[PDB]
Amino acid sequence: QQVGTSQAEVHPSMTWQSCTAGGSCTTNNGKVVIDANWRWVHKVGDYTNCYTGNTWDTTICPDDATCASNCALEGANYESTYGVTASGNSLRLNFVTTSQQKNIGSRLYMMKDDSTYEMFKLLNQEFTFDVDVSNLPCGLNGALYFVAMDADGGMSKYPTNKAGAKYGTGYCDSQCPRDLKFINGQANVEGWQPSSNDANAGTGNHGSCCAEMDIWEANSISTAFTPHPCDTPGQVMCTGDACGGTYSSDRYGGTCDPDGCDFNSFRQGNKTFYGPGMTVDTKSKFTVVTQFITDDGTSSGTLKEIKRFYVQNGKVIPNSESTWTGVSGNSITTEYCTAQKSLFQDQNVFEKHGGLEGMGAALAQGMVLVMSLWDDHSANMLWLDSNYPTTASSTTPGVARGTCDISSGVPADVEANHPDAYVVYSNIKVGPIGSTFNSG
Ligand SMILES: *[C@@H]1O[C@H](CO)[C@@H](O)[C@H](O)[C@H]1NC(C)=O
Ligand SMILES: [Zn+2]
Ligand SMILES: [Zn+2]
């Protein structure tokens, strides 16, 4: 896609810190950028939309290549259009924002400069941040995660992408999403079908696959952390139902793990660890620490464990024990993942696509930091905070993931009832293991 000039693009500033062993930290002058799919996209030299609602203008966009030549991405009004504000080290995302139109959610990337994403290298490090999830109900997800995107959003690779990381291009994840309008400097107009329950979304013939480390998928009820390996760690375009993932008919038939190896304390058998009034109390802000432990204690070792700590009211809180017979420990390891998928009777494509070693291979490439807020038009967020699948018995291991009602989270309802919902991410720190909090 091309660059529109009607609205200048100015990235809100957000600082984060780099820490050294011993706990000293240096402040980095980061900036954030909204993902290209949220943007106005119009004919070059005109105001005519290339895409409106959930359908393309097939005169401007008769095929994927012509569409990319003829269609320009615009700059964003972060606060007024998108409900996005930042100050100091804090980023706030609001759910619904009404201007001339009604915007729902957002997805932001951390930038190193105005044309380059910050490439985090997490092996043998910890990532730590503070969050306020107190205004997130059932059905919403404030996600903070990492994906193996290209640092320039694909500009050097794809000359027909003139916009790049400045306009939030190049997204990919472990669902191999087919709902993206531009992938690899081509539109996705070919094969495009509108969503049956999302007035703003649809899916095309192309998807964008890469490995994904879900540090944080959460609301006030439940949270989960989840590595998703792929056969290739970096961005790849896929075609058709062969993509696999949530957007295709056979979830498990592609090159990425769409389920991941998850640790949700509630799902792992402790109903009183995370939530309102719980050990980790969602009514207030708390710190989330995530460690990526390697086999040899260096950044070139193989990923072997993912550990989680929380800090709240100055108390360091280790992750809760998994309580199911045969599925113990409080971290993600290969042995956990094998044992968990077996007990829960889930298909283990985690191992098939490389397990933790494959996730570590993605981490070694460098990864982009994503902060988002969304509702779930495929599964109503029930997989995070309710029984899933909703037909199953809540006494079966793996079924119950939080206390939300099985009828919660319908997007029409979520959009109507919680337009005011918001999340606040702040105080990001990255450094050697133990360096970012009162360890260990
Ligand atoms: C839940 O986790 C907390 C903190 O680790 C612990 O004190 C409590 O006993 C746990 N509950 C169960 C059922 O294991
Ligand atoms: Zn016009
Ligand atoms: Zn929605």
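Positions of Cβ are backbone-derived with ideal geometry, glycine not excepted, and every protein chain shown enters the neighbour counts. Read-outs: derived from the displayed coordinates by stated rules, not from any lab.
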_Test result for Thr395, more than 30 Å from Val84 (Cβ to Cβ), more than 22 Å from the chain's Cα centre (by Cα) and away from ligand 1 (no atom under 16 Å from the Cβ)_ = no
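Can you name the strands (runs of 3 or more DSSP E) wholly within the stretch 1-57 that have at least 3 residues being under 21 Å from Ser106 (Cβ atoms)? Walk me through it before giving the result.
Values: elements: 13-19, 25-34, 41-43.
In the stretch 1-57, the matching strands (runs of 3 or more DSSP E) lie at 13-19, 25-34.
Those residues that are β-branched (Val, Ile, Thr), buried (at least 17 other Cβ atoms within 10 Å of the Cβ) and within 13 Å of ligand 1 (Cβ to nearest atom), I need them from the stretch 280-326; list them, please. First the steps, then the outcome.
Applying the first criterion (β-branched (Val, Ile, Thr)) to the stretch 280-326 yields 280, 282, 287-290, 293-294, 298, 302, 306, 311, 316-317, 323, 325.
Still in the list and also buried (at least 17 other Cβ atoms within 10 Å of the Cβ): 280, 282, 287-290, 293-294, 306, 311, 317.
Selection gives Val280, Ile317.
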*Here are some conditions: (1) within 16 Å of ligand 3 (Cβ to nearest atom); (2) assigned to a loop (DSSP other than H, G, I, E, B); (3) among the β-branched types (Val, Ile, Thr). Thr395 meets all but one. Which one does it not meet?*
(1)
*Taking the options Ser80, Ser24, name whichever one is under 20 Å from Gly168 (Cβ atoms) and free of Cβ contacts under 8 Å to residues at least 60 places away in the same chain.*
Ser80
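How many residues, within the stretch 149-165, are surrounded by fewer than 24 Cβ atoms within 10 Å (Cβ to Cβ) and either in contact (Cβ under 8 Å) with a residue 40 or more places away in the chain or closer than 17 Å to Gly4 by Cα (or both)?
Keep residues of the stretch 149-165 that are surrounded by fewer than 24 Cβ atoms within 10 Å (Cβ to Cβ), which gives 151-152, 155-160, 162.
Those still in the list that are either in contact (Cβ under 8 Å) with a residue 40 or more places away in the chain or closer than 17 Å to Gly4 by Cα (or both) too: 151, 155, 159-160, 162.
Count: 5.
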*Out of the residues in the stretch 270-279 that are more than 9 Å from ligand 1 (Cβ to nearest atom) and surrounded by fewer than 18 Cβ atoms within 10 Å (Cβ to Cβ), state the one that is farthest from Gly402 (Cα to Cα).*
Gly277
*Just give me the residues in the stretch 208-264 being among the small types (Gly, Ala, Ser), buried (at least 23 other Cβ atoms within 10 Å of the Cβ) and in a loop (DSSP other than H, G, I, E, B), in sequence order.*
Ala211, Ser220, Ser222, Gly244, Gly245, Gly254, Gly260
*Taking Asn380, is it in a loop (DSSP other than H, G, I, E, B), of a type outside the set (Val, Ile, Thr), within 16 Å of ligand 1 (Cβ to nearest atom) and in contact with a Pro (Cβ under 9 Å, 6 or more places away or on another chain)?*
no
*Look at the stretch 33-56 and say how many of its residues are under 29 Å from the mean Cα position of the chain (by Cα) and within 15 Å of ligand 2 (Cβ to nearest atom).*
6
_With the requirement that a residue be within 27 Å of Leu91 (Cβ to Cβ) and charged (D, E, K, R), what does the stretch 163-195 give you?_
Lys166, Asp173, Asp179, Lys181
*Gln1 crowded, with 19+ Cβ neighbours inside 10 Å, more than 16 Å from ligand 1 (Cβ to nearest atom) and within 30 Å of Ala199 (Cα to Cα)*: yes
*Going through the stretch 94-145 one residue at a time, which ones are away from ligand 3 (no atom under 16 Å from the Cβ) and among the polar types (S, T, N, Q)?*
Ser99, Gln100, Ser115, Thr116, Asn124, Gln125, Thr128, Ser134, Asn135
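Here are some residues: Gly83, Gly88, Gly75. Which one is within 16 Å of ligand 3 (Cβ to nearest atom) and more than 30 Å from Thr294 (Cβ to Cβ)?
After applying the criteria, what remains is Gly83.
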